[PDB]
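Letter by letter, the chains look like this.
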Amino acid sequence: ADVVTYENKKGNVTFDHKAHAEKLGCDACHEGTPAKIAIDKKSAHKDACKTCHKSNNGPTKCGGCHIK
Ligand code: HEC
Ligand code: HEC
Ligand code: HEC
């Protein structure tokens, strides 16, 4: 999908898949044929999400991802 929401206790995270793709291109996150990427607390706080944000305006602070 173009937008993915990860409902959770700390506050729902909205992942705008389309927006990220437009700015980075598919191979920024997908190796080979684009397929689903398992997202959980551990991956999100590391290489699947947070790590890349450390180089841009991307959110690294808790509230930048977790809203309410
Ligand atoms: C990192 C910021 C990404 C970029 C850039 C693109 N994709 Fe992605 N994609 C990413 C994640 C974290 C996930 C999992 C989302 C979830 O369901 O939790 C995905 C998933 C896909 C899928 C899987 C099938 C589906 O149900 O959508 C496809 C087919 C996919 N991504 C395609 C794709 C293409 C072609 C991209 C360039 C336009 C692209 N992605 C960029 C993360 C990232
Ligand atoms: C680089 C390879 C990235 C990965 C992996 C993820 N994100 Fe990202 N994110 C990236 C950029 C370049 C930006 C900055 C946008 C800009 O133009 O300044 C962002 C931004 C976000 C945001 C902030 C609000 C928004 O503009 O959408 C959120 C909430 C966000 N990213 C979430 C997010 C999640 C949950 C990811 C893993 C599924 C993820 N990002 C990966 C670059 C990269
Ligand atoms: C965006 C790059 C994030 C930042 C920065 C932080 N978190 Fe996060 N967190 C993010 C996602 C996409 C997820 C996965 C949700 C899922 O579907 O499983 C999480 C999850 C958590 C959780 C677990 C919530 C639960 O109900 O189990 C916690 C407790 C959590 N995150 C805490 C947290 C804190 C305090 C942060 C600052 C250090 C933080 N997160 C940043 C994405 C992102």
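- Looking at the PDB entry, one finds the chain named CYTOCHROME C7 and attributed to Desulfuromonas acetoxidans.
- Looking at the header, the entry is titled "cytochrome c7 from Desulfuromonas acetoxidans".
- Recorded under Function, the UniProt text for the chain is reproduced unchanged: "Participates in sulfate respiration coupled with phosphorylation by transferring electrons from the enzyme dehydrogenase to ferredoxin."

## Thoughts on the site of ligand 2
- Contacts to ligand 2 come from 16 residues, most closely from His20, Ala48, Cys49, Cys52 and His53.
- Separating a nitrogen atom of ligand 2 from a side-chain N or O atom of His20 is a distance of 2.8 Å.
- Within the side chain of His53, one N or O atom sits 2.7 Å away from a nitrogen atom of ligand 2.
- A majority-of-atoms criterion places ligand 2 in the largest pocket.

## Thoughts on the coordination of the iron atom of ligand 2
- Ligation of the iron atom of ligand 2 by protein atoms is provided by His20 (NE2) and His53 (NE2), these donors lying 2.0 Å from the ion.
- One way to put it: the 6 donor atoms around the iron atom of ligand 2 meet at angles of 86 to 179°, and that makes the site octahedral. Pair noted here: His20 is in helix α1 (residues 17–24) and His53 is in helix α3 (residues 50–53), with a separation of 33 residues, a long-range link.
- The class for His20 is partly exposed, based on a relative accessible area of 30%.

Conventions adopted
For every chain, the first residue of the written sequence is numbered 1 and the count continues from 1 onward along that sequence, whatever numbering the entry uses; residues with no coordinates are hidden. Here every chain gets a letter starting at A, and every ligand a number starting at 1, in the order they are written. Values shown for side chains rest on all heavy atoms present in the structure; no hydrogens or waters enter the calculation. UniProt positions are given in the numbering used here, feature names are shortened, and annotations may be inferred rather than shown by experiment. Proximity is defined per residue: any heavy atom of the residue falling within 4 Å of a molecule or strand makes that residue near it. In protein, a polar contact requires one atom able to donate a hydrogen and another able to accept it; more generally it is a pair of N or O atoms within 3.5 Å, and residues adjacent in sequence count only if both atoms are side-chain atoms. Cavity: a set of points on a 1 Å grid over the protein atoms alone where a 1.4 Å probe fits but cannot get out. Pocket: an open set with protein on both sides within 12 Å along at least five of seven lines, its lining residues, like those of a cavity, having an atom within 4 Å of a point. Just a note on the criterion: a molecule sits in a pocket or cavity if more than half of its atoms are within 2 Å of the grid points. Here a donor is any nitrogen, oxygen or sulfur atom (N, O, S) within 2.8 Å of the metal, with 3.2 Å used for Na, K and Ca; water is not among the atoms considered, so some sites may look incomplete. Here a site with four donors is tetrahedral if all angles are between 85 and 135 degrees, and a site with four or six donors is square planar or octahedral if opposite donors are over 155 degrees apart and the other angles are between 65 and 115; anything else gets the irregular label. Here a helix means four or more residues in a row that DSSP labels H or I, a strand means two or more in a row labelled E, and each is numbered from the N terminus. A simple rule labels every residue: compare its accessible area, found with a 1.4 Å probe on the protein chains alone, to the largest value its type can have, and call it buried under 20%, exposed over 50%, or partly exposed in between.

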